[PDB]
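Okay, structure first, notes after.
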Amino acid sequence: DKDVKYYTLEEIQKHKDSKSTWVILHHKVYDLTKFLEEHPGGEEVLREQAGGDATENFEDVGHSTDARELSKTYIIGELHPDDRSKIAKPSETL
Ligand code: HEM
């Protein structure tokens, strides 16, 4: 069973490698480590950015629709409500 594990942007900008690719697509801590062994196309691309900001590039490829909704299924803990309360309106678009 489980609990929300609200982690800050900073914390998530630590980890990267080693079966732990968490991302801030659209202001939420998304675990891609599961998808590292599932996601269509490849996992290397997932891991490249990892704990950074793999949003713009992801949307550039056209991750809207289905994948965008599925993004929400990788919710393991979300952002810290602190950061998240001040989440500046990012950008754009696709
Ligand atoms: C957690 C969010 C993610 C979800 C739910 C997701 C889901 C998907 C899905 C369903 C496809 C196929 C789309 C289609 O067939 O129309 C796809 C393809 C792809 N994804 Fe993701 N993805 C995610 C994150 C990422 C990230 C972070 C990257 C790297 C920036 C990435 C790079 C790619 C690439 C390169 C493809 C292959 C494009 C092709 O089929 O030629 N994805 N993704």
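Neighbour counts run over all protein chains shown; Cβ positions are idealised from the backbone, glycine included. Derivation of every value follows stated rules applied to the coordinates shown; laboratory data play no part.
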> Among the residues of the range 35-58, which ones are more than 6 Å from the ligand (Cβ to nearest atom) and either more than 24 Å from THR8 (Cβ to Cβ) or over 12 Å from the mean Cα position of the chain (by Cα) (or both)?
Replying inline: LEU36, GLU37, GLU38, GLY42, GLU43, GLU44, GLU48
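For the chain, give me every one of the helices (runs of 4 or more DSSP H) that falls completely inside it and has 3 or more residues that are surrounded by 13 or more Cβ atoms within 10 Å (Cβ to Cβ). Before you say what the answer is, go through the steps one by one.
Details: elements: 9-12, 44-49, 56-61, 65-71, 81-85.
In the chain, 9-12, 44-49, 56-61, 65-71 are the helices (runs of 4 or more DSSP H) which contain 3 or more residues that are surrounded by 13 or more Cβ atoms within 10 Å (Cβ to Cβ).
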> Looking only at the range 12-32, which residues are over 13 Å from the mean Cα position of the chain (by Cα) and of a type outside the set (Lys, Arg)?
Replying inline: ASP17, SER18
> Can you name the residue in the range 1-34 that is touching a helix residue (DSSP H, G or I) at 6+ places or on another chain (Cβ under 7 Å) and of a type in the set (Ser, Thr, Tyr) and, of all such residues, is nearest to the ligand (Cβ to nearest atom)?
Replying inline: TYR30
